[PDB]
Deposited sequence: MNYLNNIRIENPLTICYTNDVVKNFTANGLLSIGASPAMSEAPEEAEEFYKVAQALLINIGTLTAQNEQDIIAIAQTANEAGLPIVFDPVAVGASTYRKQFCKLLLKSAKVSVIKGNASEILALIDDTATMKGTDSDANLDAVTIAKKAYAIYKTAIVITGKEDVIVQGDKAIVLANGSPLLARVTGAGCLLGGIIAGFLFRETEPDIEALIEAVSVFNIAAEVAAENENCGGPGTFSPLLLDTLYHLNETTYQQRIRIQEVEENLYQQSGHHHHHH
C-alpha cells in the first residue's frame, strides 16, 4: 500500500480525457482513492493544466471526428510537458476506424502505459496474455497492462500475473475504464513507472472489487457500484496484504 497512501495525502491532479459513458464513474473512483480528477478536454488549456498534473488518461471509448485531432494535440502537449499518458484503446479490434486512429496516436506520441483486454492489445500488434503483452512491450517499449480473468503487467524486465477481483465488475459499465483512471492516479508524473505502482494500482482496484462483492449489502451490479467506491475509499493495508494474489513473476 505505499503508493495508495501517497495518493490519499498528495491528492494528485489526474487529467482524464475519457469517454462519455464513464466520465462520472471514473471521476468518482479517482476521488474515492484520494486523487483529484479533472476531465479537461480543451487543447487550449492543456499546457497550463499539464504543468501541474501528475498524469493523463486518454480513453477512446467514444471516439468521434470531434475528438481525433484534439486527442493527438493533447498527447503531444503531454509529451512536451513530461506528463505520463495512460492509453486505453477501447474496442480497437472492433473497427478499422479505431485501429487506424490508435496507430496514428501511437506513431504521434509516446505513452507510459497501454491498458486493455487481450483482444484490444492483440489488435494493436496486428495466444497467451503474457505473450501478447510481451510482444506489445517489444513494439511500443511502454508498460503494458492486459486485463482479463488474470491480469498481466509487463514493464521493463518483468512480467507479472495478478489474480484478484469479482465477476460483478464485468457487469458494471466502465469498470476497466475506471481502472485506466486509477492507474493514471498511481503514476506521480513518472513517464516510466515502476512496475510496483502498476501492480498496486491494479491490485487496489481488484481487491476493492472483491471486498465490495462480499459485502452483505451487495445485492447485484446496481448496489455493487456504490459499494466499490466505499471500498476503494476505506481500503487499508491489512486488507490489501491479506488479499493480494500475485501469481507469477518473470524477470527478463
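Q: What portions of the deposited sequence, indexed from 1, have no corresponding C-alpha atom in the structure?
A: Residues lacking C-alpha coordinates: 127 to 139, 266 to 277.
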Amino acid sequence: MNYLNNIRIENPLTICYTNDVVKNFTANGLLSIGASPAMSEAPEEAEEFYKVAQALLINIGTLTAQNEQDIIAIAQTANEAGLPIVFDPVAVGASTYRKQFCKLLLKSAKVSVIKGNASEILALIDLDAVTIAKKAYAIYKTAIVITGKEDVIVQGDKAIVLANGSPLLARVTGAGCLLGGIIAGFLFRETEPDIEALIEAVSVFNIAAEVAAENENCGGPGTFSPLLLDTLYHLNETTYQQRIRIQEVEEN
From here on, numbers count along this sequence of modelled residues.
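Q: If you average the CA temperature factors as listed in the entry, which stretch comes out higher, 226 to 234 or 240 to 248?
A: Of 226 to 234 and 240 to 248, the stretch with the higher C-alpha B-factor average is 240 to 248.
Q: What stretch has the higher average Cα B-factor here, 26 to 34 or 210 to 218?
A: Per the PDB record, 210 to 218.
Q: Using only the C-alpha B-factors in the record, can you name which of 113, 129, 179, 153 has the highest?
A: The listed residue with the largest C-alpha B-factor is 129.
Q: When you compare the CA B-factors of 159, 78, 90, 144 as listed in the entry, which one comes out on top?
A: If I rank 159, 78, 90, 144 by C-alpha B-factor, first place goes to 159.
Q: Classify residue 196 as lowest, middle or highest third according to the C-alpha B-factor given in the PDB entry, relative to its own chain.
A: As the PDB entry reports it, the C-alpha B-factor of residue 196 lands in the middle third of its chain.
Q: Using the B-factors in the PDB entry, rank residue 86's C-alpha atom against the chain and give the third, lowest, middle or highest.
A: Lowest third, going by the recorded CA B-factors of the chain.
Q: Report the third (lowest, middle or highest) to which the CA temperature factor of residue 60 belongs, ranking only the modelled residues of the same chain.
A: Middle third, going by the recorded CA B-factors of the chain.
Q: Hey, what third does residue 66 fall into on Cα B-factor, ranked over its chain?
A: Highest third, going by the recorded CA B-factors of the chain.
Q: Splitting the chain's C-alpha B-factors into thirds, which one does residue 52 fall into?
A: Ranked within chain, residue 52 CA B lands in the highest tercile.
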